[PDB]
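K.L.:
Chains as they are written, first to last, in the numbering used here: chain H, 11 to 296; chain A, 1093 to 1382; chain G, 55 to 341; chain X, 298 to 584.
Backbone N, C-alpha and C define an ideal beta-carbon position, used for all residues, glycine too.
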Amino acid sequence: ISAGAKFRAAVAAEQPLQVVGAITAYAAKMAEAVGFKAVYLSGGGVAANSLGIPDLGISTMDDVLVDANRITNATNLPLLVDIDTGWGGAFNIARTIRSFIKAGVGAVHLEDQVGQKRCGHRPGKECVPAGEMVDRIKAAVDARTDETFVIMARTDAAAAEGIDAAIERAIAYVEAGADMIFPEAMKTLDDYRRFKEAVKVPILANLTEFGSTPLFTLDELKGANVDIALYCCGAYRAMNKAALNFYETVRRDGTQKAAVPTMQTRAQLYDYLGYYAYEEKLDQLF
Amino acid sequence: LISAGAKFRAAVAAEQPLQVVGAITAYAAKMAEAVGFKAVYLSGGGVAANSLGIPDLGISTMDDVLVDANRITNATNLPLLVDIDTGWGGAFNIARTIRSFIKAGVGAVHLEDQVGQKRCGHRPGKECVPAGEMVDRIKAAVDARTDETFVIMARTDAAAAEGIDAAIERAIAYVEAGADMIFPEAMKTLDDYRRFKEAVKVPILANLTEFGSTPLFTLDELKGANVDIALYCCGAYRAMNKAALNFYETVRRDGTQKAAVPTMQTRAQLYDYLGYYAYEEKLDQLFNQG
Amino acid sequence: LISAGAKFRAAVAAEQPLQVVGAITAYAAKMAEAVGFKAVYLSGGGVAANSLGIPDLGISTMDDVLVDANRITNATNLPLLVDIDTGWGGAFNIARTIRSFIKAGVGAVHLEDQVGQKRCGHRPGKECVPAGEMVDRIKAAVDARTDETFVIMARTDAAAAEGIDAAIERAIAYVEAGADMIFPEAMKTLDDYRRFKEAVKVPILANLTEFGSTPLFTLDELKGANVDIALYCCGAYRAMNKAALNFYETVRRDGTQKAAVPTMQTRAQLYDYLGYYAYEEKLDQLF
Amino acid sequence: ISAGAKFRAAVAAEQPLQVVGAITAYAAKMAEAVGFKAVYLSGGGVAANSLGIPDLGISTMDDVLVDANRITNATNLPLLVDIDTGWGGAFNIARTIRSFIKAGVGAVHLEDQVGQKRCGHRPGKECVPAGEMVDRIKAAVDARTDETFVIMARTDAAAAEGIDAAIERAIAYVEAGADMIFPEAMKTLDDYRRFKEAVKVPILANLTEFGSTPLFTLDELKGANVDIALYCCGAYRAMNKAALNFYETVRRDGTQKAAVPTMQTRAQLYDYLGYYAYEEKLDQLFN
């Protein structure tokens, strides 16, 4: 029963569907325990946390691969993955799609940002002409070996070209075979409503903190006809503050005593780890 | 440019006892460096639970630890200490292990006297091998070592089942076999450490682990006991896991993360520690023509 | 939508005995398919000596084999059989192994009943576990298997030290434990194979390896013996390794490779088997 | 002693220096046994052999990484690696240089070609503004943490812009910090002679079979003042034919009998692989 199918089922069963970002395998396991139906691997998340570098397109397909693998082996929730521009031309996009299907990843999102650029370039927010993204999607859809796997198109056109330009690109992207649409940086509930009505496929709302977008509630979004609510980064920002706090209190106090009330207990780890199931499996066989 | 091993030896000479903190990600290590620590640690059970999502039952392979170890040494220039369990096999494998982690740019490593591969259906759980068998393990590691500044540290769990004196005996044999430093597990009093340092005469590590049997000794207490290294191996990631769980729960409960944002690290903060503007300042210095 | 496992079982049914050839690299496997074989093999010692440059002394890790296995199943559509030695550890590790190789798109996997790790300074020799320890190994594997089409094959080296009948008895116990097929190491006669197939009643593999004890039996000989799989595990790489040494030698001797160019596959043939022109079509068929 | 230093030493000690490509760790070991002072990792070599796909810039930095690691672990000769255009902008080139330093490689070669392009664009080599390749090199030189590591600039300009334009670019590339230059597709011995005299740094000659370039002798190149003779692909073309031949004889004859005189023996594999040396250490350590 395929990962793609698990993801499509989850969108049909919960409206809007909450999907939370995880930076580690264990994070995902927790997200599962808490009752979510889908998890997300952020591209900038891979780069900052796993690699220790800014989100400047330094991140390679394999970097994202090793994380995506660790995660789908650890949870049985469908995982959605940020694959930037696909890391190259039509043949590379193809390799990408195939690699991430094989990794057991359930849905995937491609974006209409300029790709590789001019050695000395500084790093900005340009789009590609609609026919250039249409090419990308076409390559992706043809490379796809199992139709249940979800190919989602992400667009940041709205910011520079206005929301109508964005809607018109989006329709061309569904034309080219994209299953769902991720419109970046919408300012109002109405923006979403209009978008959903125009493109007529499932839509994702990126609920990002410290951005421009307000942090809309599940109900707000349900009323707006949005299909997917995405909390991409909260988890790791929360965990990174907790970790800095630990380090500071150890360096200041000469002991970590003051920070132990902010820790998870061993029994809670074993519980989430499904640790008791092993001693169990060992019995059942022997 | 100085070797990772030399950096670690220098750090022990320079700070007594030396605080060394565990990090489960590259970024965590970066933060530890920013806060002023001189050395960082990669915990074996840390790799297994966090990176892989599985208990510490020796399922973790050398390669699992390798990818994490590489990501970390690439991201900080503080010397890193790595838990390498039993070395993942016989003398030939211990050799490959040693070579691999040297090349990875690590500065120190620690092998334990735990029993290697049990029977297939065996239960999980602690047990040491004969002393004479760990001596073999160390011998293979010392031999494979290509650069003497690289630190090989021997870890023993013998104290718990054979008493402290037996453990001290083993440790002397382990220094004989070439071990540079000793990591004695599960000491209950400051005296235990004092005696141990006295007997083995090489640098000694204290594992300050929370929710264990070991009390959480202070830097002073340990300095007075003549301990060389204070190791906070797991705190960081336990803290971070709680914060994560809390995020997830408040999102599922409230239909928004609003309530949780005060518990997050800002973006401006992320960029400070991410060295972010130093990148912009390179593209300019390299390609601006004015 | 046919899984690597089902492709392999189908290929056993369709060709008897089935010829299955070893490949050390992705390209090798592409050739093997072009030549018309229905299945390919990734040899454990093959990984170790060629990819890693080290002897077959159990140094090779599960990930070493994984990366090669991945490259190969990405590059051909034939089902692949992989040597996974002892499974790289206890029941939990055997499980991780089975799951990892399933995901890698491998069709079939053989495990052997050798001992795992022993004393640190133990010399490289050959030893068997109790028939019971290997039953546990198989049980772990079968349980971890998520798709029954995936073939779990048990290999035994018992014959050598305990005689043919002990080995037969083990094998029946391994089928008991869930093993789909059996790989009996080092048989001397066509009769050995015949009796073995008769007793174990599941598909049987014959390891046709060069420079060993085993004679190089022909397809017909094996057909008449009731053998299901003929395995040529290493020929390919020994052939290519000599070719390579020869090239290095002639270059160091002559100060040019001119003498060696007749042994080389042409830039042009390479390009064809990699199916380079099929990419042009795609670009055209897309844009 | 760094692998950068080993490589620079080797160029000073043997002129011109012969350097041969290896597609596997074992191949490299053989190359060393035969007496070569350096080996080469071909970009197209990684793509075709390890991956099973054409040299159309599909190959990633990691693909080349895993092969590069396997090789430098298995031989102690300095290795030279084809790194194409560096796999992205200035920050990617930087990551690339750092990665290949830490992998123990000794010299890298960057080339002034185009990358990447419009999703749909067909294969066909085109160069960039010289201004752009200078930026690439600057990025590399800056990211380099150990001077002894050799950064080599490769250009394909001669083919479309004439030999003079190429010499001009080359001088600008040495300006930008490039240590040595690799001028693609020279037709005559004189082309090389003029180039070395113009750029005044060490020069590489790509001795490629089935190409345009004649297969020049060590002497011919010595007389032309060339520093490095590069046999990048011979080895694996030779080994690929031997392998196809194996597969064909097996499918034809129903046995490999006819092929075994092509094969490198078991006894020979063990030599080349250090083998006994493992046993000798167990004695060293535990007797």
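Using a threshold of 8 angstroms, state whether the C-beta atoms of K84 of chain G and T115 of chain G are closer than that.
P.N.:
No. Outside cutoff.
K.L.:
Let me know the alpha helix (DSSP H) ranges lying completely inside the segment 1287-1322 of chain A, each 4 residues or longer, listed in chain order.
P.N.:
Entirely contained in the segment 1287-1322 of chain A, the alpha helix (DSSP H) runs reaching 4 residues are, in chain order, 1311-1316.
K.L.:
Taking 8 angstroms as the CB-CB cut-off, is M71 of chain H touching chain X?
P.N.:
True, the Cβ-Cβ gap to chain X drops below 8 angstroms.
K.L.:
Give every residue of the same chain whose Cβ lies closer than 7 angstroms to the Cβ of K16 of chain H, excluding the five residues on either side of it in the sequence, and list them in chain order.
P.N.:
Hits under 7 angstroms: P88, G116.
K.L.:
With a 10 Å radius around its C-beta and 16 neighbouring C-beta atoms as the bar for buried, classify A68 of chain G as buried or exposed.
P.N.:
Exposed, because fewer than 16 other Cβ atoms sit within 10 Å of the Cβ of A68 of chain G.
K.L.:
Beta carbons nearer than 7 angstroms to chain A: which residues of the segment 187-220 of chain G have them?
P.N.:
Cβ contacts with chain A: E187, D190, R191, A194.
K.L.:
Between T546 of chain X and the rest of its own chain, which residues show a CB-CB distance below 8 angstroms, the 5 nearest in sequence each way excluded?
P.N.:
So the list reads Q553, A555, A556, once near-sequence residues are dropped.
K.L.:
Would you mind telling me which residues of chain X sit closer than 9 angstroms to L1300 of chain A, beta carbon to beta carbon, in chain order?
P.N.:
Those within 9 angstroms of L1300 of chain A in chain X number zero; the least Cβ separation is about 32 angstroms.
K.L.:
Just verifying my parser: in three-state terms, what is the DSSP assignment at residue 342 of chain G?
P.N.:
Here chain G comprises residues numbered 55 to 341, so residue 342 of chain G is not present and cannot be evaluated.
K.L.:
Return the bridge partner residues of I1274 of chain A from the DSSP annotation.
P.N.:
Answer is A:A1246, A:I1296, bridged to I1274 of chain A.
K.L.:
Measuring only between beta-carbons, confirm whether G54 of chain H sits less than 8 angstroms from chain B.
P.N.:
As a matter of chain content, chain B is missing from the structure shown, whose protein chains are H, A, G and X.
K.L.:
Taking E1225 of chain A as part of the alpha helix (DSSP H), name the residues at either end of that continuous run.
P.N.:
Here the alpha helix (DSSP H) through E1225 of chain A covers 1223-1236.
K.L.:
Bridge partners for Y1324 of chain A per DSSP, in chain order?
P.N.:
Partner(s): A:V1113.
K.L.:
Could you check the C-alpha separation between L1378 of chain A and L1093 of chain A for me, to the nearest Å?
P.N.:
Whole-angstrom Cα-Cα distance: 23 angstroms.
K.L.:
Does the beta-carbon of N1380 of chain A have 16 or more other beta-carbons within 10 angstroms, so that it is buried, or is it exposed?
P.N.:
With fewer than 16 other Cβ atoms within 10 Å, it is exposed.
K.L.:
Are the CB atoms of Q25 of chain H and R1330 of chain A within a distance shorter than 8 angstroms?
P.N.:
For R1330 of chain A and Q25 of chain H, no; Cβs fall outside 8 angstroms.
K.L.:
For my contact list, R392 of chain X and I68 of chain H are in at a C-beta cut-off of 8 angstroms; report their separation, rounded to the angstrom.
P.N.:
Rounded, the Cβ-Cβ distance is 6 angstroms, consistent with contact.
K.L.:
List the endpoints of the continuous beta strand (DSSP E) containing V336 of chain X.
P.N.:
Counting along the chain, the beta strand (DSSP E) containing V336 of chain X begins and ends at 336-338.
K.L.:
Between the Cα of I147 of chain H and those of H:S12, H:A19, H:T95, spot the shortest distance and give me the residue it belongs to.
P.N.:
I147 of chain H has its Cα closest to that of H:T95, out of H:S12, H:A19, H:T95.
K.L.:
Thinking C-beta only, is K1195 of chain A closer than 8 angstroms to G144 of chain G?
P.N.:
For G144 of chain G and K1195 of chain A, no; Cβs fall outside 8 angstroms.
K.L.:
What's the C-alpha gap between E444 of chain X and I525 of chain X?
P.N.:
Looking at the two C-alpha atoms, the distance is approximately 20 angstroms.
K.L.:
In chain H, which residues lie less than 7 angstroms from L337 of chain G when you measure between Cβ atoms?
P.N.:
Under the 7 angstroms cutoff, chain H gives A100.
K.L.:
Would a check of beta-carbon distances place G134 of chain H closer than 8 angstroms to chain A?
P.N.:
With 8 angstroms as the cut-off, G134 of chain H does not count as an interface residue toward chain A.
K.L.:
Would you tell me roughly how many angstroms separate the C-alpha atoms of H418 of chain X and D488 of chain X, rounded to the nearest one?
P.N.:
Computed Cα separation, rounded: 32 angstroms.
K.L.:
Give the C-beta separation of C243 of chain H and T218 of chain H to the nearest angstrom, bearing in mind that I take them to be a contact with Cβ-Cβ under 8 angstroms.
P.N.:
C243 of chain H to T218 of chain H, Cβ: 6 angstroms. Contact.
K.L.:
List, in chain order, every chain H residue whose beta-carbon is nearer than 9 angstroms to that of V1319 of chain A.
P.N.:
Going along chain H, no residue has its Cβ under 9 angstroms from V1319 of chain A, so there is no contact; the nearest lies around 13 angstroms.
K.L.:
Within this structure, are the beta carbons of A1124 of chain A and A1118 of chain A separated by less than 8 angstroms?
P.N.:
Not in contact: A1124 of chain A and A1118 of chain A (Cβ atoms no closer than 8 angstroms).
K.L.:
Is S222 of chain H buried or exposed, if buried means 16 or more other CB atoms sit within 10 Å of its CB?
P.N.:
Exposed, since its Cβ has fewer than 16 Cβ neighbours within 10 Å.
K.L.:
Assuming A1265 of chain A contacts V1227 of chain A under a Cβ cut-off of 8 angstroms, what Cβ separation, rounded to an integer in Å, is found between them?
P.N.:
Contact flag correct, Cβ pair sits at about 6 angstroms.
K.L.:
Using C-beta distances below 6 angstroms, list every residue in its chain close to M241 of chain G, excluding the 5 sequence neighbours before and after it, in chain order.
P.N.:
So the list reads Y247, once near-sequence residues are dropped.
K.L.:
Which residue marks the beginning of the beta strand (DSSP E) containing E1240 of chain A, and which one marks its end?
P.N.:
That residue, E1240 of chain A, is in no beta strand (DSSP E); it is neither H nor E in DSSP.
K.L.:
Can you give the Cα-Cα distance for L292 of chain H and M162 of chain H, rounded to whole angstroms?
P.N.:
If I take the Cα positions, the gap works out to 42 angstroms.
K.L.:
Where DSSP assigns a beta bridge to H164 of chain G, which residues make up the other side?
P.N.:
Looking at the DSSP assignment, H164 of chain G forms a beta bridge with G:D137, G:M207.
K.L.:
Quick check: what's the CA-CA separation for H119 of chain H versus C137 of chain H?
P.N.:
About 16 angstroms.
K.L.:
How should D263 of chain H be labelled, buried or exposed, when 16 other C-beta atoms within 10 angstroms of its C-beta is the threshold for buried?
P.N.:
So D263 of chain H counts as exposed.
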